[PDB]
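Chains as they are written, first to last, in the authors' numbering: chain A, 307 to 643, 667 to 893, 896 to 949, 953 to 1020; chain A', 307 to 643, 667 to 893, 896 to 949, 953 to 1020. A prime marks a further copy of an entry chain. Here is the structure we will look at.
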RNA sequence: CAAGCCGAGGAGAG
RNA sequence: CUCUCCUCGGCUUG
RNA sequence: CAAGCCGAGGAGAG
RNA sequence: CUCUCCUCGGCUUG
Ligand SMILES: Nc1ncnc2c1ncn2[C@@H]1O[C@H](COP(=O)(O)OP(=O)(O)O)[C@@H](O)[C@H]1O
Ligand SMILES: Nc1ncnc2c1ncn2[C@@H]1O[C@H](COP(=O)(O)OP(=O)(O)O)[C@@H](O)[C@H]1O
Ligand code: ALF
Ligand code: ALF
Ligand SMILES: [Zn+2]
Ligand SMILES: [Zn+2]
């Protein structure tokens, strides 16, 4: 209910009715400023007897829920009506009179965008920006290119231009709400010179229609006293050992490569090798030539294992290989539950003729890992010095890496002795080759991390922003560097004086250089903002108008082309990737809800096999996987109206046309230019 | 970390603070001397508590990356901060505080030149030479005329002259860094007498501000014992056969020539013929008279084929012709996808009425090639004598030649039997009529050549310098002689005792004489250096000062004229070269980023045809070629802001003016004196 | 809690 | 422009 | 990985 | 001074 002088100095111009942006460090009380501004604006509008509505837009459901339940509701419930929406709630069914029913709204931009789309094209009641008097946008740095924030503000700018036109012609013009953006680091984007950073900042300002930035410039000492930066540390690790297992991997790779008389132009263990393997497997699948598709797939698996070994223990890679190979053996045995294919035979024999030696080599404390030893030392020093008063975050690139680090931590008793309780955290996307984490589990782990029964976190890029996390004492980056904004957000985590920020990496990689470049970009952005804050109003307004007009017109020009697919379902046929054979046509495939592709015919039922659901394995089995006779996966099982149907994935097939047959693969249904009919139950019924 | 006595004797004067040059053979440890000198200089400056910064300038990104990752970083990382920059990295965004952040810098001269230009004219922070204490320039022989090295050292000399002036007037003068140049052969340039070589060496010294040369003069025996020169061999090949195919080429050439009643003043198969053909085609295109432009173009193609045959197999020339003719037929058929032009008709018929006989003649082991037989014998003898312990390099003039040699090698089983694994290597410039090689592929082939799975290389002038190559046993020059410096660099490749250097050529050409002249220049340069090393300091300094003053003043005088183009876009019109017709005007042409010329109008869209991208052909097609109705190419396709636009090449057009119309062709946009407007999306929009 | 569909952003390699 | 990795949002069948 | 722009150096022929 | 061949660097659109 009360603000600090450094908060007040930045908030004042907003209190005067000027739309602006506010860039403050992490944890400096931006939400406090937002709530105070909303209260003041509502009171001032009520004094004049004018309609007052305020809407807050965020990009995460968890953020909206937290802000409503902890910050906004407890402060304005006594005076105004507050509501918080998201995609997980049932209030969004009728949004327009959600709006007129309540005064303060917190939500995600997509809901309001959908309402606008319904109004402009749909027959629903719809909603307009004029219904609002104040719009708050947190994490405003995301307003770029064609994000939802950018679309909303594009509509706002179009309305502003229409009002400017109407100024000379009929009056009055359409009123527009005030705009308040919140952030900590707007970034520089792809900037290689100071002028590029200046242009990027001006573009952000024009997109958000900002009068100025209002960065702290007077109470710097008080702010620094309060929020204090950690000390930065670099850990560099080098090695010229760990030969045996890697050499064994390399020589088996050479054996498999010379089996197919294919010597790639690239070396082993690099992304270029993976790309070449993907290209070769794709070409082999298109041509239907076996003995190369599987070879490329196994080479890709070996490359992934080598990368994993380059980052973490050898047992992790061994586990990866054994999981893949055991799955293949189980699939083959289930199919055989006879003619074999020699290629899979020699591949399996090669893997199993050296499984024991690989396992023996993997267990060798002689050369385990330099980076892991450095991380062990860092964690132990920090925690032993904190006398049980420390908390830590570790940012890592991948998910399997998080699992490996967590289990590794639990296998060592020193972490428990010092009092270390670690947990992992990942995203919620089903497009990462691994079972994602659910929102409930994320909130739940965050809650226990807040309590303290969990000491340290092993998190992917989820944890930089949008999460309510108590200040930690140690921040670690395990070979992960993305950009300056993520760097700043991770750095701001290290409050709790006597906290430190460390980046651990090796010499071969260029991670340190990327971190340095991010630092350079930080200073470039600071200088750009410093210059921009002192620019003359006239030229500032001129350039903002120019940028807004250019953005709107280029959006118009780009949308012009988007108007643009012949429908010949019977023209195409589907072939299994490994065993090229006629699977089905485009006539037997039907669509449910225009979204689910399913084939429901008698003969097709006997062309596949059903397995158990591994996700539910670790009860009942509902969505079983679908595998081919060769062992190739086609899709899964679904139930519609209580009826069991198969759902297919286009990426598991090859398309053949009857006109000229340039067989092609589309990776998803939408890219397929042909249409499919909606389900008709008359076929194979009554 | 430790030096040899011959290295020490040359390094000592540098250790005393004297700027100098150092000329040593190839592979004698120049980088070792450089790193030791940098370490000693940094330590000595730190002893006196003085600012110390060292910058190394190179001319190739690969060289900088290699030097940083293999030589400098592993030796000074334990004491000093080392950084390596290039045009392929993101650290160059803010160079000045790259400089103050780090102590040791490795980079390409262009970056520092750009920083200086920004400081002197731009508003950026900028950089000055005074910020450095030591400047190392490798491959210093390139510092001549107006290379980047020469510009930097011109600035250095101007600063020195200003300091000399200020000596009598206000003091102190501006400090300057020490200068250390590295090379192996500074060369003689265009020298025809000993005095000319002396003048050239003095000019190089003055440009680099060198106290002396410091060439090895005492430990000659130890150096010779270590690095040993190969034995030089000349292979001369003569022939009075291979008539049929060449005579058939000549008689078809005569037929086409007498079709147009044009008997050139020159003979067939010489550069003078190609020049005359280019002049005739240019005049015909300017006059718009068809039946001569295409005739000249086909005559030029036949001349190129005859040259190729003069160097390599006949099938290579046959492939060249069939590629061109098949492309023409495909273009015509795609256009027709009707009125024909009799000229192309009889040309095509003439080509196709003898395709089979040409193919039959090309396959004839009776007379294949004398030079190729000699090369076969040389390679076989070397490799059979090396019992699988040899590596080889072959320097060839052109790229198609490298491809032909490589494929020829793979067609013969004797090379495989002896254990020969060959690979090719070319440059990375898109101005050689052939798709260039990329940097990644160059590094990658070099890596495998280092490993050994690739035995011999077929390389153009890329491989003489700037590449990390393990010593080879055989060096071959296949009819290629450029200058003494390239000769010395190629010769130095032949370490690995029992290595040999051979030049293969015929009697008609004057290649042997050019090689002999290069040897003469080598001895002339040696004598010039020997005299210069013994010159009296006073006259040496006097002449160096005179040369520096003369160079700076002539640069001033030349820059004076460079101050100097009316803008009448609507004045000109563009005509297709083959079919002279109104294509467009200078008003419908717009410019993107001041660099890309594009025409975006409705009527223009229907005036051209789109083909597939051959580079991507051997997926998706993004930059398709643009062809005319007559089959003439105009340009390609580009995408800006997601919008498909055509990009035109001026060399495919003829310019017509409305005042007096002296139609002219410019070969590139910059030479065109008129300006063009920047893209404005308002036209044909909204 | 499981399956599927669409769209968006960031990094790296080519 | 392509591939990979990572994140986010909305929508359906259960 | 594709396209385009600018500039520099070396050789040969004229 | 012109033409061709070869090499290099920097910068944009993707
Ligand atoms: N007026 C205030 N006086 C004292 N502490 C405050 C005040 N406002 C906020 N804080 C502190 O700041 C924290 C809230 O910061 P918050 O706004 O959530 O961070 P951010 O601005 O980075 O989102 C609270 O934990 C609280 O301790
Ligand atoms: N002090 C030394 N003792 C022994 N060998 C050395 C020494 N310094 C360099 N070398 C040899 O010289 C090579 C490095 O030469 P380098 O300086 O790269 O060649 P150049 O001077 O032609 O660039 C290495 O392969 C190494 O074997
Ligand atoms: F918005 Al913050 F830490 F910067 F919650
Ligand atoms: F500089 Al060298 F061989 F002469 F690398
Ligand atoms: Zn199958
Ligand atoms: Zn034409």
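Where is the CB? At the ideal position from N, CA and C, for every residue including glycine.
Backbone CA spacing between residue i and residue j [nearest angstrom]
i: residue 584 of chain A'; j: residue 578 of chain A'; result: 10 angstroms
i: residue 951 of chain A; j: residue 691 of chain A; result: Because chain A is numbered from 949 directly to 953, the model contains no atoms for residue 951 of chain A.
i: residue 549 of chain A; j: residue 693 of chain A; result: 12 angstroms
i: residue 448 of chain A'; j: residue 795 of chain A'; result: 13 angstroms
i: residue 894 of chain A; j: residue 806 of chain A; result: No coordinates exist for residue 894 of chain A; the numbering of chain A passes from 893 to 896 with nothing in between.
i: residue 529 of chain A; j: residue 312 of chain A; result: 7 angstroms
i: residue 955 of chain A'; j: residue 943 of chain A'; result: 6 angstroms
i: residue 337 of chain A'; j: residue 370 of chain A'; result: 12 angstroms
i: residue 829 of chain A; j: residue 713 of chain A; result: 14 angstroms
i: residue 372 of chain A; j: residue 791 of chain A; result: 16 angstroms
Assumed close pair residue i, residue j - CB separation to whole angstroms, cut-off 8 angstroms
i: residue 512 of chain A'; j: residue 873 of chain A'; result: 5 angstroms
i: residue 915 of chain A'; j: residue 964 of chain A'; result: Not really, about 16 angstroms apart at Cβ, beyond 8 angstroms.
i: residue 388 of chain A'; j: residue 486 of chain A'; result: Incorrect: roughly 17 angstroms between the Cβ atoms, too far for contact.
i: residue 622 of chain A; j: residue 497 of chain A; result: About 38 angstroms separates the two Cβ atoms, so there is no contact after all.
i: residue 957 of chain A'; j: residue 931 of chain A'; result: Actually they do not touch by this definition, with Cβ atoms about 16 angstroms apart.
i: residue 960 of chain A'; j: residue 641 of chain A'; result: Not confirmed; about 12 angstroms, so no contact.
Closer than 7 angstroms at the beta carbon, the chain A residues around residue i
i: residue 396 of chain A'; result: 846
i: residue 1015 of chain A'; result: 882, 883, 886
i: residue 1020 of chain A'; result: 882, 885
i: residue 717 of chain A'; result: The contacting residues do not exist; residue 717 of chain A' stays about 18 angstroms from chain A at best.
Near ligand 5: residue i beta-carbon under 8 angstroms from a heavy atom
i: residue 966 of chain A'; result: no
i: residue 972 of chain A'; result: no
i: residue 931 of chain A'; result: no
heavy atom of ligand 6 below 8 angstroms from residue i C-beta
i: residue 863 of chain A; result: no
i: residue 909 of chain A'; result: yes
Per-residue contacts from residue i into chain A' (C-beta, under 7 angstroms)
i: residue 500 of chain A; result: 430
Closer than 8 angstroms: residue i CB and nearest ligand 2 heavy atom
i: residue 336 of chain A'; result: yes
Any non-hydrogen atom of ligand 3 closer than 8 angstroms to residue i Cβ
i: residue 332 of chain A; result: yes
Proximity test, residue i beta-carbon vs ligand 4 heavy atom, cut-off 8 angstroms
i: residue 818 of chain A'; result: yes
i: residue 823 of chain A'; result: no
i: residue 674 of chain A'; result: no
Within chain A, the residues that residue i reaches when beta carbons sit closer than 9 angstroms
i: residue 342 of chain A'; result: Simply none; closest approach about 22 angstroms.
i: residue 949 of chain A'; result: Chain A residues near residue 949 of chain A': none, gap ~12 angstroms exceeds 9 angstroms.
Residue i: contacting residues in chain A' (beta-carbon distance under 8 angstroms)
i: residue 382 of chain A; result: Neighbours of residue 382 of chain A on chain A': none; closest Cβ ~43 angstroms, over 8 angstroms.
i: residue 849 of chain A; result: 397, 399, 400, 403, 404
i: residue 852 of chain A; result: 400, 403
Residue i: contacting residues in chain A' (beta-carbon distance under 9 angstroms)
i: residue 890 of chain A; result: 976, 977, 978
Residue i: CB within 8 angstroms of a non-hydrogen atom of ligand 1
i: residue 377 of chain A; result: yes
Under 8 angstroms by beta carbon: chain A residues contacting residue i
i: residue 776 of chain A'; result: 573
To test your reading of the DSSP string, which unbroken beta strand (DSSP E) runs of 3 or more residues are found completely within the segment 476-517 of chain A'? 484-489
Which residue spans inside the segment 418-486 of chain A form an unbroken beta strand (DSSP E) run of at least 3? For the beta strand (DSSP E) assignment, the uninterrupted runs of no fewer than 3 residues enclosed by the segment 418-486 of chain A are, from N- to C-terminal side, 440-444.
List, from N- to C-terminal side, the beta strand (DSSP E) runs of 3 residues or more that fit wholly inside the segment 310-371 of chain A. 326-329, 360-364
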